[PDB]
Amino acid sequence: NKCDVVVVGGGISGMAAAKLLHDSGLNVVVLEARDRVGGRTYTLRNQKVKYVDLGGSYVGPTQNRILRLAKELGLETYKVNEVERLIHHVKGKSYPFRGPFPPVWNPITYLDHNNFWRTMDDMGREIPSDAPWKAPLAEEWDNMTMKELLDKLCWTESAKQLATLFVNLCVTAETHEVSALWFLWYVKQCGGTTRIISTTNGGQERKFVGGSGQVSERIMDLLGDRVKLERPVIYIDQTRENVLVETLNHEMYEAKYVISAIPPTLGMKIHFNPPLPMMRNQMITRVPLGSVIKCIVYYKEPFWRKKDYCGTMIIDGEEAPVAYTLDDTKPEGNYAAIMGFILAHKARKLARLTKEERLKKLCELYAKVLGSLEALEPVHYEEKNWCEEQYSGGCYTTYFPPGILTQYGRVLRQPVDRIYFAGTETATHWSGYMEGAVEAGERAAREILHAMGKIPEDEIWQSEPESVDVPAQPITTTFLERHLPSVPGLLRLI
Amino acid sequence: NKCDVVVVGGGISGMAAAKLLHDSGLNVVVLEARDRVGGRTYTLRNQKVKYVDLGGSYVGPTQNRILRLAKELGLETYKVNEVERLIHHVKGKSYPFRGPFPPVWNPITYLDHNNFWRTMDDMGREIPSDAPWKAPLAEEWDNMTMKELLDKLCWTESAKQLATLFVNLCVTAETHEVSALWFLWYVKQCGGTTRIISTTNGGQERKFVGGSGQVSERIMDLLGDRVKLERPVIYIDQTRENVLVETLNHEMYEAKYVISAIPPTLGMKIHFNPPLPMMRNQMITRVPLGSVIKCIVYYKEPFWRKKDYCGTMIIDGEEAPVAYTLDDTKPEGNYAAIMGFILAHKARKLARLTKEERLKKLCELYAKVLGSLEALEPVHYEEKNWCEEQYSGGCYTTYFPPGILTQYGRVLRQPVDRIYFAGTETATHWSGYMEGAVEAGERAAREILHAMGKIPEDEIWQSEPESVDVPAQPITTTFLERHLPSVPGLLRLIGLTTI
Ligand SMILES: *[C]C1=C([C])[C]=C2C(=[C]1)N([C][C]([O])[C]([O])[C]([O])[C]OP([O])(=O)OP([O])(=O)O[C][C]1O[C](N3[C]=NC4=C3N=[C]N=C4[N])[C]([O])[C]1[O])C1=NC(=O)[N]C(=O)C1=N2[C]/[C]=[C]/N([C])[C]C1=[C][C]=[C]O1
Ligand SMILES: *[C]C1=C([C])[C]=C2C(=[C]1)N([C][C]([O])[C]([O])[C]([O])[C]OP([O])(=O)OP([O])(=O)O[C][C]1O[C](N3[C]=NC4=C3N=[C]N=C4[N])[C]([O])[C]1[O])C1=NC(=O)[N]C(=O)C1=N2[C]/[C]=[C]/N([C])[C]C1=[C][C]=[C]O1
């Protein structure tokens, strides 16, 4: 019934908000729609897999807030297997390579590839993390799709296809669906191209021992009966003295403040009184989430390591169900597995198949790419299609179509009276990730602390010391990488 | 509590569905979120305006379903004033003209203008009304915004600026926001460029005497207590034998079938058990509605008629708050008024201002455009920002961003068990209009009549006899219009000759 703060949503962001508020002495309730906590993180346990992350999973250097919070809850990380060679599959053949970036041998293509990545980071350096709509060329970039940008930038098919897979993999959407401004902001606010695509020294360096769902589970352990499972919020009333929040199962909660820790578009599932201000009312219909099936195939052994393959596969082309894989073996070398993502339009298309039919296609792909019959002999399979989720709306995150970020972006974290906004979408560093969820939960919580007079305005946004366990190495470029010309730049010299 | 069919939404579509179902003997309930029916039509009544349409208003030839419904309910239409000259205001100057299209004197520019409209209709013929994603080039066109399409087509800035204004005005959205496939579909399923833009012989020919709000109000009168105002639906349960529909004020309704007659994205406001299938679940997060403020400025007299202007203005300019106006004077000649639309990003921008500052900017614009100081003497002002409506989401309608219509389009009107889908967005002819509302409402109702074994399958889709009161002149082209070359076509002709 009555409390200081109602938090809507028990994902990482809501749980981190509620934990902070509770630790500071306020009475908090968390209202969660599902029969579990975690949201877009979900750890399945069974004897065959032991545990497996079917939702968010990877963490890495510079994500110091998720690392600190998990550490305090008694979680530990291990490193994703990247000891052996990566594979680029292109035109029906496997090219093994080392390093984050698949190599290119033709000199024209080389220039084109080099220029494309470098140009993404140049454009990023003009986009403010906390206000992408203030970029000098904000409207121009916002009014093009990433498909247009790539059509302008990439003078070769090879670069255009690799840059396309890069978009698909990062934001689970087609290049033609997304704003160029938003995608460039996204990459940049993750620390740039190298940091976002790298396993070693990047976002995919690590996983949590036991699963990432333990983060939310253990915060729910700390809050006891303050978390209400199967309480979907349907109505928020701000007209009266205290804020009133009603659930689907008929309960009424009453508080001074609310934190909305749900994806923006999921705001639509709530009837507000008074109506939302105009800009928010429309923003929340303009911001879908992407489409992904996360798929994990289990094998008796990590047989790929015998051939000096780490298990990472970058797979070009329309026919491949999966464009990107990582080794999902446990740190002990057991429960051998390959993780793959069926991305964007391939998720819409392959979801009509059965579970077994998807297994077969994956097994056959992997056998081709890894060049082993061992890939045809899986011992177990697990998958999750996030598009079918009523209370996520997709995965990994919310994407912005052309024109939206400049028109409505300012409203995302703007308080509506006594509702403050959390969720990974409202973050400024690794928004879209578990790290962003923590940043935004803790920030929304601290905005409420300040509206209550408990902390000054300068403590709303707090910096995070670097993890000692997962230190960050700097991102370096070579001299040639910085100064080799683009394709049209080599033409102007001729 | 118990009925045969719960209709969610009491706009034209919901009210047309309910009426048909009622007229066939079934027990229906209409559950409407607001304290009124009509939805995106709303007729305001006070002594200063008598009546005024702040939402949907215009009807015209080929929109035979809304004309039959309104006529059966006792309503009349009248002709929007187009006796005197239209104005095209471009680069700070007004160019009076007659006919539907602003004319063009520079021959190069003339070629580009003729080709643009012609290619809109040409691409249109490739696109089936009932299945736009079946166009041979659906994918290619859907992965392109209307801004990209215009950048390819228009070799003159003049044609590109006119085309941009045409998109903004038709779909209340920027060229860079909307799919080219969707937009070409939307224009074709209204009968083409000419039909869509015209007053005389087009979409804007007429209005209803007393306002379009009476359509919904009269159906509510026929239905009596079957219409429940202030019952926003929060929850639909299909796991049991009868379908369970719950409202925000804690009432429960039970039915064999449900028609959802709300904008697709407002389907988000309902919690579903079991969950919606994947494709609908994501589609309803991908389909926003446009942005528009409709504004009416009243004057003592329709002073523009005296300078031989009908009061239609096509106003190109970033500075112009309004890009299109019409004479909104009563058929009797009194309550003289200019209606104007504030479109897309200007609705966003100018909503910051007060009512009085918006009035001031409109009057000043109209003064310049009409060359008339009288325009600075309004007697009254009415307006509505549709963007702030929780139970509409915007106006006029739903637009599809790039990539959405080919991936999700096929599910807009796919039944989900015993839920069936109405709303003008599900129509095949004048989707986005009051006409499409009636088509979709009636089609969804007849879908349920078929599931119940009361009519055969071929009676679900039913054609409509032509209005004898608002008959349609066919759309014609001249030989020159059809065969004059494009700008690149003339340039190809040149390179070939000089060889
Ligand atoms: C799904 C997914 C996948 C499959 C994958 C991934 C992901 C995902 N990610 C992301 C994450 O997960 C996120 O970000 C997070 O989680 C977020 O969180 P938040 O913010 O908290 O949110 P959520 O979770 O959703 O929560 C919410 C909640 O709420 C609720 N609700 C709703 N509604 C409502 C409610 N309640 C009450 N009422 C109402 N109405 C719900 O239920 C929930 O609970 C990720 N991340 C990270 O970090 N990592 C990872 O890994 C991930 N993943 C992925 C990634 C990928 N990548 C990166 C790609 C690549 C590779 C290479 C390069 O790139
Ligand atoms: C808004 C507007 C404006 C401003 C203008 C216009 C329009 C609009 N339009 C359109 C119309 O209006 C529409 O279409 C209709 O109305 C629709 O119908 P429906 O489908 O029925 O839908 P609605 O109305 O929305 O209704 C729905 C209902 O539901 C409810 N809900 C929600 N949610 C819920 C509910 N309930 C319960 N529960 C829940 N949850 C609500 O409340 C409602 O009631 C139009 N149309 C026509 O026809 N005409 C006209 O005029 C119009 N307008 C416009 C147009 C213009 N133009 C076209 C111009 C031009 C020129 C050149 C080119 O263009």
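Read the numbers this way: they start at 1 and go in the same order the structure lists the ligands and their atoms. Here is how names work: the chains are called A, B, and so on, in the same order as the sequence lines, proteins then strands, and each is numbered from 1.
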* Asked: Among A:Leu326, A:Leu31, A:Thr41, A:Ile262, whose heavy atom sits nearest atom 37 (C) of ligand 1?
  -> A:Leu31
* Asked: Is there a nitrogen or oxygen of A:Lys294 sitting under 3.5 Å from a nitrogen or oxygen of ligand 1?
  -> no
* To do: Name the option, out of A:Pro100, A:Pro263, A:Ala422, A:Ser57, that contains the heavy atom nearest to atom 50 (C) of ligand 1.
  => A:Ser57
* Does an N or O anywhere in B:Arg40 fall below 3.5 Å from an N or O of ligand 2? -> yes
* Heteroatom proximity flag, B:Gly432 to ligand 2, N/O under 3.5 Å -> yes
* Asked: So is A:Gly394 close enough to ligand 1, meaning a heavy atom under 4.0 angstrom away?
  -> no
* **B:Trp386 contact mode with ligand 2 (heavy-atom cut-off under 4.0 Å)** => side chain
* Check: B:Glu425/B:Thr397 side-chain N/O donor and acceptor closer than 3.5 Å -> yes
* Identify, by atom number and element, the atoms of ligand 2 in contact range of B:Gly423, meaning under 4.0 Å from any of its heavy atoms. => 20 (O)
* To do: Look only at interatomic distance and state if B:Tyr58 has a nitrogen or oxygen under 3.5 Å from any nitrogen or oxygen of ligand 2.
  => yes
* Polar side chain donor-acceptor pair, B:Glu251 to B:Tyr253, under 3.5 angstrom -> yes
* Asked: N/O to N/O below 3.5 Å, does that happen between B:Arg34 and ligand 2?
  -> yes
* Should A:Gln63 be listed as contacting ligand 1, given a heavy-atom distance under 4.0 Å as the test? -> no
* Asked: Which of the numbered atoms in ligand 1 are below 4.0 angstrom from a heavy atom of A:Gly39?
  -> 24 (O), 43 (C), 44 (O)
* Which segment of B:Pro232 sits under 4.0 Å of ligand 2 when only heavy atoms are counted -> backbone
* Asked: Any chance the rings of A:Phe208 and A:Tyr58 have centres within less than 6.0 Å?
  -> no
* Does B:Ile196, backbone or side chain, put an N or O under 3.5 Å from an N or O of ligand 2? -> no
* Asked: B:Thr199 and B:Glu205: side-chain donor and acceptor closer than 3.5 Å?
  -> no
* Asked: Would A:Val8 count as a contact of ligand 1 if the rule is a heavy atom under 4.0 Å away?
  -> yes
* Structure fact -> Among A:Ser13, A:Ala427, A:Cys190, A:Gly10, the residue with a heavy atom nearest to atom 19 (P) of ligand 1 is A:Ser13
* Nearest non-hydrogen protein atom, atom 6 (C) of ligand 1 -> A:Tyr396 CD2, 3.4 Å
* Structure fact -> Residue, atom and distance of the protein heavy atom nearest atom 29 (O) of ligand 1 read A:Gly9 CA, 3.3 Å
* Would B:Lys294 and B:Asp53 pass as an ion pair if we require N to O under 4.0 Å? -> no
* Relative to atom 38 (N) of ligand 1, which among A:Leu248, A:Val233, A:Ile293 owns the nearest non-hydrogen atom? -> A:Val233
* To do: Return the residue, atom name and 0.1 Å-rounded distance of the protein heavy atom closest to atom 43 (C) of ligand 2.
  => B:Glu32 OE1, 3.5 Å
* Asked: Going by the atom numbers of ligand 2, which of them fall below 4.0 Å from some non-hydrogen atom of B:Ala261?
  -> 27 (C)
* **ligand 2 contacted by B:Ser392 (non-hydrogen, < 4.0 Å)** => no
* Should you measure from each heavy atom of B:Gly38, which atoms of ligand 2 turn up under 4.0 Å away? -> 24 (O)
* Structure fact -> shortest atom 58 (C) of ligand 2-to-protein heavy-atom contact is with B:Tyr433 OH, 3.3 Å
* Indicate, with yes or no, if the rings of A:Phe166 and A:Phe183 have centres closer together than 6.0 Å. => yes
* Where is the nearest protein heavy atom to atom 53 (N) of ligand 1: which residue, which atom, and how far? -> A:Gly56 CA, 3.5 Å
